[PDB]
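Beneath this line is the structure, given in structure tokens, with notes to follow.
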Amino acid sequence: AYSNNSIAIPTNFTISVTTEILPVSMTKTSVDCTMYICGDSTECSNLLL
Amino acid sequence: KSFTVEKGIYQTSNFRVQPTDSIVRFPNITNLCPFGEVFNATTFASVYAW
Ligand SMILES: *[C@@H]1O[C@H](CO)[C@@H](O)[C@H](O)[C@H]1NC(C)=O
Ligand SMILES: *[C@@H]1O[C@H](CO)[C@@H](O)[C@H](O)[C@H]1NC(C)=O
Ligand SMILES: *[C@@H]1O[C@H](CO)[C@@H](O)[C@H](O)[C@H]1NC(C)=O
């Protein structure tokens, strides 16, 4: 309800508490180069070389 | 893959426990297949009636 001589002033107030969730980190992982590809095989490790 | 390593903690792999024994386990069959009897037959077959 806009007017050029009218204003609205709040009388009361409410105190509200909100929640915000933010990821910070993820799991750390390691991979074995040889045991994933040529697991326990001298021939396959030689080929992978 | 370097002759010098810096300070820190490094993930190693394959701590070189290389096997040194080889074993074989086979069933108890001992008689030999009759390849000589199969190959020694007087007549084998016709190709259309193999
Ligand atoms: C704007 O204010 C004037 C007085 O200065 C008034 O006459 C006019 O009606 C007002 N405009 C509206 C849309 O009410
Ligand atoms: C503001 O709201 C509270 C909660 O309803 C009420 O107790 C209080 O009287 C209100 N204040 C005014 C000035 O209206
Ligand atoms: C076929 O069998 C007979 C008797 O068992 C033997 O005398 C002959 O030498 C055999 N043939 C061949 C090619 O071994």
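Chain labels follow the order of the structure tokens: the first chain is A, the next B, and so on; residue numbering restarts at 1 in every chain, and ligands are counted from 1 in their shown order.
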Protein and nucleic residues near ligand 3, 10 Å, only C-alpha atoms and all ligand atoms, as a VMD selection string: chain B and resid 36 to 42
Write the selection just made, keeping N, CA, C and O atoms, as a PDB file, in the first residue's frame?
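Output saved as selection_6.pdb:
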ATOM      1  N   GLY B  36      46.800 -93.786 -28.213  1.00  0.00           N
ATOM      2  CA  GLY B  36      47.274 -94.784 -29.157  1.00  0.00           C
ATOM      3  C   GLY B  36      46.151 -95.630 -29.724  1.00  0.00           C
ATOM      4  O   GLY B  36      46.129 -95.928 -30.920  1.00  0.00           O
ATOM      5  N   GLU B  37      45.201 -96.027 -28.874  1.00  0.00           N
ATOM      6  CA  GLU B  37      44.072 -96.821 -29.348  1.00  0.00           C
ATOM      7  C   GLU B  37      43.192 -96.019 -30.298  1.00  0.00           C
ATOM      8  O   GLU B  37      42.694 -96.553 -31.295  1.00  0.00           O
ATOM      9  N   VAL B  38      42.980 -94.736 -29.998  1.00  0.00           N
ATOM     10  CA  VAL B  38      42.159 -93.892 -30.863  1.00  0.00           C
ATOM     11  C   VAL B  38      42.839 -93.685 -32.211  1.00  0.00           C
ATOM     12  O   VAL B  38      42.199 -93.772 -33.266  1.00  0.00           O
ATOM     13  N   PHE B  39      44.145 -93.422 -32.199  1.00  0.00           N
ATOM     14  CA  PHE B  39      44.880 -93.119 -33.422  1.00  0.00           C
ATOM     15  C   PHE B  39      45.276 -94.368 -34.199  1.00  0.00           C
ATOM     16  O   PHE B  39      45.710 -94.250 -35.350  1.00  0.00           O
ATOM     17  N   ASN B  40      45.136 -95.548 -33.603  1.00  0.00           N
ATOM     18  CA  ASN B  40      45.559 -96.810 -34.193  1.00  0.00           C
ATOM     19  C   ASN B  40      44.420 -97.568 -34.865  1.00  0.00           C
ATOM     20  O   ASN B  40      44.627 -98.697 -35.317  1.00  0.00           O
ATOM     21  N   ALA B  41      43.229 -96.979 -34.941  1.00  0.00           N
ATOM     22  CA  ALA B  41      42.069 -97.688 -35.461  1.00  0.00           C
ATOM     23  C   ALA B  41      42.247 -98.032 -36.937  1.00  0.00           C
ATOM     24  O   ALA B  41      42.917 -97.321 -37.690  1.00  0.00           O
ATOM     25  N   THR B  42      41.638 -99.149 -37.344  1.00  0.00           N
ATOM     26  CA  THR B  42      41.720 -99.573 -38.738  1.00  0.00           C
ATOM     27  C   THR B  42      41.019 -98.584 -39.661  1.00  0.00           C
ATOM     28  O   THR B  42      41.538 -98.247 -40.731  1.00  0.00           O
TER      29      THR B  42
END
Report as a PDB file with N, CA and C atoms, in the first residue's frame the set of chain B residues whose atoms approach chain A to within 10 Å, with distances computed over only C-alpha atoms.
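Written file, selection13.pdb:
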ATOM      1  N   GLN B  11      53.605 -42.784   1.720  1.00  0.00           N
ATOM      2  CA  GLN B  11      52.925 -44.063   1.548  1.00  0.00           C
ATOM      3  C   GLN B  11      53.776 -44.960   0.660  1.00  0.00           C
ATOM      4  N   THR B  12      54.259 -46.061   1.218  1.00  0.00           N
ATOM      5  CA  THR B  12      55.003 -47.055   0.462  1.00  0.00           C
ATOM      6  C   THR B  12      54.071 -48.173   0.011  1.00  0.00           C
ATOM      7  N   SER B  13      54.597 -49.039  -0.849  1.00  0.00           N
ATOM      8  CA  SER B  13      53.816 -50.145  -1.378  1.00  0.00           C
ATOM      9  C   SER B  13      54.749 -51.310  -1.660  1.00  0.00           C
ATOM     10  N   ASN B  14      54.196 -52.523  -1.573  1.00  0.00           N
ATOM     11  CA  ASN B  14      54.910 -53.739  -1.961  1.00  0.00           C
ATOM     12  C   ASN B  14      56.202 -53.898  -1.154  1.00  0.00           C
ATOM     13  N   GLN B  18      58.392 -61.279  -1.599  1.00  0.00           N
ATOM     14  CA  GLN B  18      58.374 -62.112  -2.801  1.00  0.00           C
ATOM     15  C   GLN B  18      58.375 -63.602  -2.481  1.00  0.00           C
ATOM     16  N   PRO B  19      57.481 -64.377  -3.092  1.00  0.00           N
ATOM     17  CA  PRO B  19      57.428 -65.813  -2.804  1.00  0.00           C
ATOM     18  C   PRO B  19      58.650 -66.543  -3.335  1.00  0.00           C
TER      19      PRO B  19
END
Near-ligand residues for ligand 1, threshold 12 Å, only C-alpha atoms and all ligand atoms, as a ChimeraX atom specification: /A:1-6
Resulting file, chosen residues, N, CA, C and O atoms, as a CSV table (one decimal), in the first residue's frame:
chain,number,residue,atom,x,y,z
A,1,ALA,N,0.9,-1.2,0.0
A,1,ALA,CA,0.0,0.0,0.0
A,1,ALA,C,0.9,1.2,0.0
A,1,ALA,O,1.1,1.9,1.0
A,2,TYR,N,1.4,1.6,-1.2
A,2,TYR,CA,2.3,2.7,-1.3
A,2,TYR,C,1.6,4.0,-1.3
A,2,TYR,O,0.5,4.1,-2.0
A,3,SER,N,2.1,5.0,-0.7
A,3,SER,CA,1.6,6.4,-0.7
A,3,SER,C,2.7,7.3,-0.5
A,3,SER,O,3.8,6.9,0.1
A,4,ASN,N,2.5,8.6,-0.9
A,4,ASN,CA,3.6,9.6,-0.8
A,4,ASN,C,3.6,10.3,0.6
A,4,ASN,O,4.4,11.2,0.7
A,5,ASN,N,2.7,9.9,1.5
A,5,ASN,CA,2.7,10.5,2.8
A,5,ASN,C,2.5,9.5,3.9
A,5,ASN,O,2.1,9.9,5.0
A,6,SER,N,2.6,8.2,3.6
A,6,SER,CA,2.3,7.1,4.5
A,6,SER,C,3.5,6.3,4.8
A,6,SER,O,4.3,6.0,3.9
Site check for ligand 2: residues at most 7 Å away, only C-alpha atoms and all ligand atoms, as a ChimeraX atom specification: /A:11-13
Can I get the selected residues back with N, CA, C and O atoms, as a short mmCIF file (atom, residue, chain, number, x, y, z; two decimals), in the first residue's frame?
data_model
loop_
_atom_site.label_atom_id
_atom_site.label_comp_id
_atom_site.auth_asym_id
_atom_site.auth_seq_id
_atom_site.Cartn_x
_atom_site.Cartn_y
_atom_site.Cartn_z
N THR A 11 6.21 -2.29 15.74
CA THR A 11 5.98 -2.08 17.17
C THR A 11 6.62 -3.14 18.05
O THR A 11 7.14 -2.81 19.12
N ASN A 12 6.61 -4.40 17.63
CA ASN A 12 7.20 -5.50 18.38
C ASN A 12 8.33 -6.12 17.56
O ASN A 12 8.69 -5.63 16.48
N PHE A 13 8.89 -7.20 18.08
CA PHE A 13 9.94 -7.91 17.37
C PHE A 13 9.96 -9.37 17.80
O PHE A 13 9.40 -9.74 18.84
#
Pairwise distance for atom CA of residue A:44 and atom CA of residue B:3, rounded to one decimal in Å: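 So the two atoms, atom CA of residue A:44 and atom CA of residue B:3, lie 25.3 Å apart.
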Residues of chain A in helix (DSSP H, G or I), written as an MDAnalysis selection string: chainID A and resid 33:37 42:48
Got time to write the residues from that selection, C-alpha atoms, as an mmCIF file, in the first residue's frame?
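Writing done, so here's out.cif:
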data_model
loop_
_atom_site.group_PDB
_atom_site.id
_atom_site.type_symbol
_atom_site.label_atom_id
_atom_site.label_comp_id
_atom_site.auth_asym_id
_atom_site.auth_seq_id
_atom_site.Cartn_x
_atom_site.Cartn_y
_atom_site.Cartn_z
ATOM 1 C CA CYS A 33 49.530 -48.418 -8.059
ATOM 2 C CA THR A 34 50.477 -52.067 -8.569
ATOM 3 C CA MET A 35 48.153 -54.059 -6.303
ATOM 4 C CA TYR A 36 45.032 -52.632 -7.969
ATOM 5 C CA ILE A 37 46.106 -53.343 -11.561
ATOM 6 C CA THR A 42 55.542 -60.588 -11.244
ATOM 7 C CA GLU A 43 54.810 -60.847 -14.978
ATOM 8 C CA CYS A 44 52.076 -58.209 -14.850
ATOM 9 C CA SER A 45 54.226 -55.921 -12.691
ATOM 10 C CA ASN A 46 57.065 -56.257 -15.206
ATOM 11 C CA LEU A 47 54.648 -55.344 -18.000
ATOM 12 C CA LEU A 48 53.312 -52.390 -15.976
#
One-decimal distance in Å that lies between atom CA of residue B:32 and atom CA of residue B:49: 27.8 Å
